[PDB]
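Novice: I have a structure I would like to understand better, so I am pasting it below and will then ask my questions one at a time.
4 protein chains.
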Amino acid sequence: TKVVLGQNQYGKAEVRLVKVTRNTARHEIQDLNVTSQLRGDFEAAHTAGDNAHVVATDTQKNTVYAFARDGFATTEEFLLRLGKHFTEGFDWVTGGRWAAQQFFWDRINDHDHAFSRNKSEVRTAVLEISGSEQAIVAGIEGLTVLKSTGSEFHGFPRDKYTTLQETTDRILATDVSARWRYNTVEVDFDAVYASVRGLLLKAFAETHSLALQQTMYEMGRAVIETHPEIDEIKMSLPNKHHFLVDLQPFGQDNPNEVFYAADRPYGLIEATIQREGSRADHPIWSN
Amino acid sequence: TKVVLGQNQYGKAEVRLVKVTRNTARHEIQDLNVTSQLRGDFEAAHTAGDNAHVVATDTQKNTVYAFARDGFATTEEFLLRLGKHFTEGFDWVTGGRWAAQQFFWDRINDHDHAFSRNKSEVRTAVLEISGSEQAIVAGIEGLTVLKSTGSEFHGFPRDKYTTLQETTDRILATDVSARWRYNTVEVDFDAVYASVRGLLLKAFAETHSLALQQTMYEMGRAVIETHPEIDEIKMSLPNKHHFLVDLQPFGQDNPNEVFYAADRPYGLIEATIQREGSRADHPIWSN
Amino acid sequence: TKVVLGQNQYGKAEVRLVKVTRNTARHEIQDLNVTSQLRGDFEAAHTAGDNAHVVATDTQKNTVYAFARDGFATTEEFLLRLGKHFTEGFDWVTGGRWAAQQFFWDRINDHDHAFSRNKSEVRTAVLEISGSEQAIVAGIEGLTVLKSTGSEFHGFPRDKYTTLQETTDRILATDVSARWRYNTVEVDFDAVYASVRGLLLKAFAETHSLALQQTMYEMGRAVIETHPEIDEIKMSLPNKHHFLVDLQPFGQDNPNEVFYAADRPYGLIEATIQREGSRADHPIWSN
Amino acid sequence: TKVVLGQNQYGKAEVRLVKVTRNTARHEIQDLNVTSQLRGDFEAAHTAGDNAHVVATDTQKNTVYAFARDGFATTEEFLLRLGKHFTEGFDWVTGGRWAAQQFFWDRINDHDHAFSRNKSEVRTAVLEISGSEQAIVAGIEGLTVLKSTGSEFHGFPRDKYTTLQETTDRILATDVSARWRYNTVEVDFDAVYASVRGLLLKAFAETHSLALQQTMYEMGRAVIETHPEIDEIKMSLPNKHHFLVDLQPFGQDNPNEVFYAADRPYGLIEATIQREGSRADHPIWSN
Numbered sequence: 011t012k013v014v015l016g017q018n019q020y021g022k023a024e025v026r027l028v029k030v031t032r033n034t035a036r037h038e039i040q041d042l043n044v045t046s047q048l049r050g051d052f053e054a055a056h057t058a059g060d061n062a063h064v065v066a067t068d069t070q071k072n073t074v075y076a077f078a079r080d081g082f083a084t085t086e087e088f089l090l091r092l093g094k095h096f097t098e099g100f101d102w103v104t105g106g107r108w109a110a111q112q113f114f115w116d117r118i119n120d121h122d123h124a125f126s127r128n129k130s131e132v133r134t135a136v137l138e139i140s141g142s143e144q145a146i147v148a149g150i151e152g153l154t155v156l157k158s159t160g161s162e163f164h165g166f167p168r169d170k171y172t173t174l175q176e177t178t179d180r181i182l183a184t185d186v187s188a189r190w191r192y193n194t195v196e197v198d199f200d201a202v203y204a205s206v207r208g209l210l211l212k213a214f215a216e217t218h219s220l221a222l223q224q225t226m227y228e229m230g231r232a233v234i235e236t237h238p239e240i241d242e243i244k245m246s247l248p249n250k251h252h253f254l255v256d257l258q259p260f261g262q263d264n265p266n267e268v269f270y271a272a273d274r275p276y277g278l279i280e281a282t283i284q285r286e287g288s289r290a291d292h293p294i295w296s297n
Numbered sequence: 011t012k013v014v015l016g017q018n019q020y021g022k023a024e025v026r027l028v029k030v031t032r033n034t035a036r037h038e039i040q041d042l043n044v045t046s047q048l049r050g051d052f053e054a055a056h057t058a059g060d061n062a063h064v065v066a067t068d069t070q071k072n073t074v075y076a077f078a079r080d081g082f083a084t085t086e087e088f089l090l091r092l093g094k095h096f097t098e099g100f101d102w103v104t105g106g107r108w109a110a111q112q113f114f115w116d117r118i119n120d121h122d123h124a125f126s127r128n129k130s131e132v133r134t135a136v137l138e139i140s141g142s143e144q145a146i147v148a149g150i151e152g153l154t155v156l157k158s159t160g161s162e163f164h165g166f167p168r169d170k171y172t173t174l175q176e177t178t179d180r181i182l183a184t185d186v187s188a189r190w191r192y193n194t195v196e197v198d199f200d201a202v203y204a205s206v207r208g209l210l211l212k213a214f215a216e217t218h219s220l221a222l223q224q225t226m227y228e229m230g231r232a233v234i235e236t237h238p239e240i241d242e243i244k245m246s247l248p249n250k251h252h253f254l255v256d257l258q259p260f261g262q263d264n265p266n267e268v269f270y271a272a273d274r275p276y277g278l279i280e281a282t283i284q285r286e287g288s289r290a291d292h293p294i295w296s297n
Numbered sequence: 011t012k013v014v015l016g017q018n019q020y021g022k023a024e025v026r027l028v029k030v031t032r033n034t035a036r037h038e039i040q041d042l043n044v045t046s047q048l049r050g051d052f053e054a055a056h057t058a059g060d061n062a063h064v065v066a067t068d069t070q071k072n073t074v075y076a077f078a079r080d081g082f083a084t085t086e087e088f089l090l091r092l093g094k095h096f097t098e099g100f101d102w103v104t105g106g107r108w109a110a111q112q113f114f115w116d117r118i119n120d121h122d123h124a125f126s127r128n129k130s131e132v133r134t135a136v137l138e139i140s141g142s143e144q145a146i147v148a149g150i151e152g153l154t155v156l157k158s159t160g161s162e163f164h165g166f167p168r169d170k171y172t173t174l175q176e177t178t179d180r181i182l183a184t185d186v187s188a189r190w191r192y193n194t195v196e197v198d199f200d201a202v203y204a205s206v207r208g209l210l211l212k213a214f215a216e217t218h219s220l221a222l223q224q225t226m227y228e229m230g231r232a233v234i235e236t237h238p239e240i241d242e243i244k245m246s247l248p249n250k251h252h253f254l255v256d257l258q259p260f261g262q263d264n265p266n267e268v269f270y271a272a273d274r275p276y277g278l279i280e281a282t283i284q285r286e287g288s289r290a291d292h293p294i295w296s297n
Numbered sequence: 011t012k013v014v015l016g017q018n019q020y021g022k023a024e025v026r027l028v029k030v031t032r033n034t035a036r037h038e039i040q041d042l043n044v045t046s047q048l049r050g051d052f053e054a055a056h057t058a059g060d061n062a063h064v065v066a067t068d069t070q071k072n073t074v075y076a077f078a079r080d081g082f083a084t085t086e087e088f089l090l091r092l093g094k095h096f097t098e099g100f101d102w103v104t105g106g107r108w109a110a111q112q113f114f115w116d117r118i119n120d121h122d123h124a125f126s127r128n129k130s131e132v133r134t135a136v137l138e139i140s141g142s143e144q145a146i147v148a149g150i151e152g153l154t155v156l157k158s159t160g161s162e163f164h165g166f167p168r169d170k171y172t173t174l175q176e177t178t179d180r181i182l183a184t185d186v187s188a189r190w191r192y193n194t195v196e197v198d199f200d201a202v203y204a205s206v207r208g209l210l211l212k213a214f215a216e217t218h219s220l221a222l223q224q225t226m227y228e229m230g231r232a233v234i235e236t237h238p239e240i241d242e243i244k245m246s247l248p249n250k251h252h253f254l255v256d257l258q259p260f261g262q263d264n265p266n267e268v269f270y271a272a273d274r275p276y277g278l279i280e281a282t283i284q285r286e287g288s289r290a291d292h293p294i295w296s297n
């Protein structure tokens with residue numbers, strides 16, 4: 011009967027930007043995948059098709075490139091500038107979501123202007139503005155890790171659908187996906203990102219795993235305990251199964267040496283590790 | 011300071027199931043990609059590696075195949091059975107999230123047991139249980155549509171970064187990604203999915219678009235006005251740009267005939283259309 | 011010691027073109043992904059960086075759009091125009107390879123200018139010119155098919171590494187990747203493509219398969235025997251494994267009903283079916 | 011006319027294998043994606059569905075895992091063992107094609123059994139056996155490189171469809187896909203792969219490029235000139251366009267700093283650099 015326009019947002023998604031810093035002969039590369047979406051009073055645009063309040067997505071795109079010309083210290087700093095510009099430059103725009111993926115490059119044999127892509131991980135940043143408030147979530151993804159031993163899984167319930175054998179020695183492989191929310195905008199973004207990455211890797215490798223859940227808990231704990239500016243960290247870790255192949259039919263044995271790496275299905279362990287007292291339902295996690 | 015385990019869930023993701031119904035010579039095929047995740051008291055699993063409460067993801071996987079043996083009328087019904095099983099079968103499991111993608115097959119020349127995949131759209135379903143509360147969201151994705159005319163965009167704000175020219179005739183192309191939440195479990199799930207799909211396609215095609223936001227609004231309005239069992243529908247529609255190629259440098263005109271279909275960037279318009287007075291932010295959307 | 015420049019080609023790959031025919035209210039859509047590469051004397055370009063002979067890839071791209079303006083009856087006709095243009099327009103260009111993928115669209119409820127994408131298959135065309143001679147290869151890909159029964163596999167040899175159990179009833183699922191070479195350019199391209207597509211599906215579905223190899227042979231035979239204009243057809247068929255799940259651990263039998271559809275690994279059966287007396291190694295297959 | 015069975019091969023594709031070396035506490039990891047296909051007399055299998063000569067694809071897969079148990083020095087040596095086994099183990103199998111992708115892993119903080127994936131490149135190997143002849147092609151793929159300056163493109167012909175402007179400063183970015191054929195199987199495979207990788211990177215970075223064709227020629231020449239065991243190297247290099255964004259409409263200049271990294275289309279430059287007098291068209295290139 012009666013229909014109502016609810017939450018909404020629009021903008022330009024995946025604007026691929028490469029910013030080269032070449033004031034000196036020692037070039038620097040900043041490679042980003044930027045997305046910009048605005049929130050505010052767009053009622054008439056939906057109900058009547060009145061574009062008076064619709065800042066064209068093409069315009070949002072042009073702004074990204076225009077702002078990049080001035081350069082930026084970090085990805086987060088760049089998103090902060092974009093968000094401030096759109097929310098303050100238009101009265102009907104009250105907020106939005108600006109996100110970016112940052113791709114890393116390494117110099118080829120330390121060359122001044124020749125690089126190769128480091129595809130082992132992708133850094134992420136998301137800025138959300140709501141009226142007078144803003145929040146930033148940084149993250150990492152695509153970082154595949156594996157422990158060839160020092161992992162076990164036993165003591166789990168055994169119902170009539172359980173066939174999994176308990177083990178005290180198995181491979182533990184996953185793709186590290188983690189996102190953490192800052193409780194302040196005054197952060198050394200690059201330094202914290204590198205720190206967190208190292209803490210996650212260290213926790214994963216040095217923790218004698220009794221369950222992926224425990225390893226993940228330890229990874230999140232290390233971060234919260236080391237960084238006061240981080241209120242919570244969410245992780246989504248797939249258990250990429252490496253099956254110990256049965257070689258007995260061929261007259262052999264397999265002392266935890268030969269594995270079949272299955273694509274699907276895979277276990278998916280996810281959790282939020284937070285600082286006691288901090289909020290547990292922040293809007294930035296809604297996307 | 012004090013680290014605490016927040017929201018969490020775990021299970022088996024992407025269990026590929028193909029159920030063949032062959033009681034008669036007229037075979038039927040059900041093809042699904044199922045994910046099962048449990049929620050409850052998993053504190054000890056995370057903080058101490060105590061797996062007493064950890065129903066193995068492998069066991070969750072086994073359950074999917076064992077349950078499929080009995081057959082299921084619809085994907086939603088199948089998910090409902092799985093959800094009830096895990097929540098009621100284990101005291102420390104108070105809820106969860108069970109999802110699936112349904113892939114369509116068509117018979118080859120009406121053959122009894124020979125089929126070809128219809129890859130033009132993927133059907134989705136998600137069930138979330140939280141205590142005594144149950145919620146189901148159905149959806150459709152991967153459905154690409156295009157209008158060669160009957161689409162315009164003008165009257166938008168023009169700032170120093172605006173270069174886009176107004177138009178009264180352009181191509182409008184998008185990939186229909188839609189998800190709607192049911193307000194009851196007693197629904198003819200297959201019949202409603204077929205209906206919603208048709209309403210979305212019909213609205214996209216018949217609406218003289220003055221903006222993608224408007225087309226989306228009309229699509230959502232049609233679904234809500236037609237189905238009493240739906241409280242809201244969310245849509246994420248990319249504006250896949252088809253640029254009219256400038257052939258004037260070659261002395262040729264281009265009367266809206268030759269286009270370059272760019273990959274990225276793309277406009278991304280999203281909105282929620284809801285039944286007036288219905289829940290504003292149902293937890294199921296958080297995931 | 012002495013280095014020589016061997017075979018080489020260059021051009022613009024993946025030019026996405028959408029040609030809308032709108033001389034009447036009944037719009038038509040042609041959607042292509044075009045690749046153009048030239049062959050000839052480019053010795054100096056490689057050894058000295060002298061670009062006098064290098065028709066820019068950007069120019070080749072512009073040519074694709076400029077030619078699309080005039081329209082084209084078929085993808086093959088369009089490729090033929092491009093090939094002729096480049097080979098005859100530049101003395102140092104003696105040939106090349108022009109390819110295209112054609113994507114299909116269906117009208118939305120028979121609407122005059124609103125369509126939805128048919129993603130169930132992709133049509134391909136490849137034109138290769140070498141001096142005064144030219145050859146065309148047409149094909150289809152991405153067409154997934156499945157037989158729920160009427161397939162068996164037994165009688166294979168057994169060695170110490172063999173564990174496979176014979177069967178007289180199994181699922182036979184594959185992705186139809188087929189390419190055929192015409193022995194003349196005077197062909198009703200759209201009609202033959204449609205016919206070939208039909209012959210492949212018919213042979214796949216109606217052949218009681220004793221092996222994927224046998225099914226494939228029958229598919230190729232049907233095509234060669236039906237179309238005089240075709241000298242050979244090459245197919246690459248993966249055997250997409252659908253494992254009958256063992257439910258006995260749960261107290262249930264599985265009468266060929268519940269299957270696990272594994273991603274990898276997969277059997278890969280490939281063969282060339284030819285018209286007796288035709289060429290055995292046409293250069294167009296080298297690419 | 012009569013239908014004939016032409017070239018054909020079959021086997022198991024993409025068998026994912028992970029081999030852990032753990033005789034000492036210092037674990038090593040070998041990660042491969044293996045494909046096995048046999049060639050020989052399979053006439054009856056295709057024409058009559060007689061599987062007497064059909065060594066099961068499942069058996070081939072089992073053989074990969076069984077052989078993995080004994081360990082292997084390099085990926086190429088592993089393929090050689092497999093190839094010799096099938097060709098020498100079955101009289102009707104006269105040869106085949108065995109290939110693999112090798113994925114790299116780095117230790118986490120020099121840990122004994124904890125690693126992370128290096129996804130910046132993928133190493134490939136292809137072995138083809140034809141009777142007594144063993145031909146091997148090694149390669150590298152997925153290695154993206156970029157030069158921020160030291161690249162120009164001018165002096166090309168300006169035909170009636172040429173709009174590209176000459177330039178003496180542009181970005182040159184590509185994905186290094188290279189494959190080289192050894193003229194002997196007695197090679198230090200790991201050492202040569204490392205050397206070749208370094209030579210390609212070096213030539214790409216240090217060559218003042220006047221054309222991608224020139225940069226490619228120099229990359230290939232460096233390889234052939236350095237390795238006597240290599241008869242030819244083939245490269246397929248995309249010219250991933252980084253368009254210098256025009257900011258003048260916004261009142262700004264853009265001194266080679268802000269770029270739009272387009273997805274498609276892209277220039278595709280390919281060539282074969284061979285040792286003078288070597289085989290012109292080795293069958294292994296046909297696949």
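Chains B, C, D and A are the protein sequences, given in the same order. Residue numbering for the first sequence is 11 to 297, as defined by PDB author numbering. Residue numbering for the second sequence is 11 to 297, as defined by PDB author numbering. Residue numbering for the third sequence is 11 to 297, as defined by PDB author numbering. Residue numbering for the fourth sequence is 11 to 297, as defined by PDB author numbering. Using N, Cα and C, we set each Cβ at its ideal position, and we do this for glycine too.
What are the residues of the segment 269-281 of chain C that lie near chain B, defined by any Cβ-Cβ distance shorter than 8 Å?
Specialist: So the list reads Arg274, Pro275, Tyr276, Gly277, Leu278, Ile279, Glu280 and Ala281, given in the order they occur along the chain.
Novice: Comparing C-alpha positions only, which one of D/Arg32, D/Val25, D/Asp116 and D/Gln258 sits nearest to C/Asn264?
Specialist: Working through the second sequence from its first residue, we reach residue 264 of chain C at position 254. Nearest of D/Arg32, D/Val25, D/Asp116 and D/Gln258 to C/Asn264, Cα basis: D/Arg32.
Novice: Report all residues from its chain with a CB closer than 6 Å to the CB of C/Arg285; omit the five preceding and five following residues, and keep chain order.
Specialist: Position 275 of the second sequence, counted from the start, is the residue given in the question as residue 285 of chain C. These residues qualify, in order along the chain: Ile234 and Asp241.
Novice: I need the straight-line Cα distance from C/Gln262 to C/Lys157, nearest angstrom please.
Specialist: Reading the second sequence from its first residue, position 252 is the one you call residue 262 of chain C. Reading the second sequence from its first residue, position 147 is the one you call residue 157 of chain C. Distance between the alpha carbons of C/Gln262 and C/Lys157: 24 Å.
Novice: Kindly confirm or deny that the segment 149-169 of chain C and the segment 120-131 of chain D touch, where touching means at least three C-beta pairs closer than 8 Å.
Specialist: Verdict: yes, contact present.
Novice: With a cut-off of 7 Å, does the C-beta of D/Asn33 fall near any C-beta of chain C?
Specialist: Here residue 33 of chain D refers to the residue found at position 23 of the third sequence. It does not: the Cβ of D/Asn33 has no partner Cβ on chain C nearer than 7 Å.
Novice: Between B/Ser46 and B/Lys22, how many whole angstroms is the CB-CB distance? I'm expecting something under 8 Å.
Specialist: Along the first sequence, one-based indexing puts residue 46 of chain B at 36. Along the first sequence, one-based indexing puts residue 22 of chain B at 12. Contact holds; Cβ gap of about 5 Å.
Novice: So if I threshold CB-CB distances at 8 Å, which residues from the segment 49-62 of chain D count as touching chain C?
Specialist: From the segment 49-62 of chain D, no residue has a Cβ closer than 8 Å to chain C.
Novice: Mind checking which residues open and close the beta strand (DSSP E) that includes A/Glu267?
Specialist: The count along the fourth sequence starts at 1 and reaches residue 267 of chain A at position 257. Where A/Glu267 is concerned, there is no enclosing beta strand (DSSP E), given that its DSSP letter is neither H nor E.
Novice: Would you kindly work out how many angstroms separate the C-alpha atoms of B/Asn18 and C/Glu24, rounded to a whole number?
Specialist: What you label residue 18 of chain B is simply residue 8 of the first sequence in a count that begins at 1. What you label residue 24 of chain C is simply residue 14 of the second sequence in a count that begins at 1. Approximately 30 Å, taken between the alpha carbons.
Novice: DSSP three-state call for B/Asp291: helix, strand or coil?
Specialist: Translated into positions along the first sequence, residue 291 of chain B becomes position 281. Residue state, collapsed to three classes: coil.
Novice: For A/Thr172 and D/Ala204, which I take to be in contact (beta-carbon distance under 8 Å), what is that distance rounded to the nearest angstrom?
Specialist: Numbered from 1 along the fourth sequence, position 162 holds the residue referred to as residue 172 of chain A. Numbered from 1 along the third sequence, position 194 holds the residue referred to as residue 204 of chain D. About 38 Å separates the two Cβ atoms, so there is no contact after all.
Novice: For B/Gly16, which of B/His56, B/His237, B/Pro238 and B/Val44 has the nearest alpha-carbon?
Specialist: On the first sequence, position 6 is the one that residue 16 of chain B refers to. Per the Cα distances, B/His56.
Novice: DSSP three-state call for B/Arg107: helix, strand or coil?
Specialist: As a first step, residue 107 of chain B must be located in the first sequence, where it is residue number 97. Correct three-state label for B/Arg107: strand.
Novice: Write down the C-beta distance between A/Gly105 and A/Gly141 rounded to the nearest angstrom, noting that I regard them as a contact closer than 8 Å.
Specialist: By one-based count along the fourth sequence, residue 105 of chain A stands at place 95. By one-based count along the fourth sequence, residue 141 of chain A stands at place 131. About 6 Å separates the two Cβ atoms, so the contact holds.
Novice: Could you name the residues of chain A that C/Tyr171 contacts, counting a contact when the two beta carbons are closer than 7 Å?
Specialist: Counting from one through the second sequence, the residue named residue 171 of chain C turns up at place 161. Residues of chain A passing the Cβ test: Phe260.
Novice: According to a CB-to-CB cut-off of less than 8 Å, which residues of the segment 241-265 of chain D neighbour chain C?
Specialist: Result list: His252, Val255, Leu257, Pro259, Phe260, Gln262, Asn264 and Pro265.
Novice: Got a sec? Which residues, its chain only, sit under 6 Å from B/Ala109 by beta carbon, not counting five neighbours each side?
Specialist: As a position in the first sequence, residue 109 of chain B is number 99, starting the count at 1. Hits under 6 Å: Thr45 and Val136.
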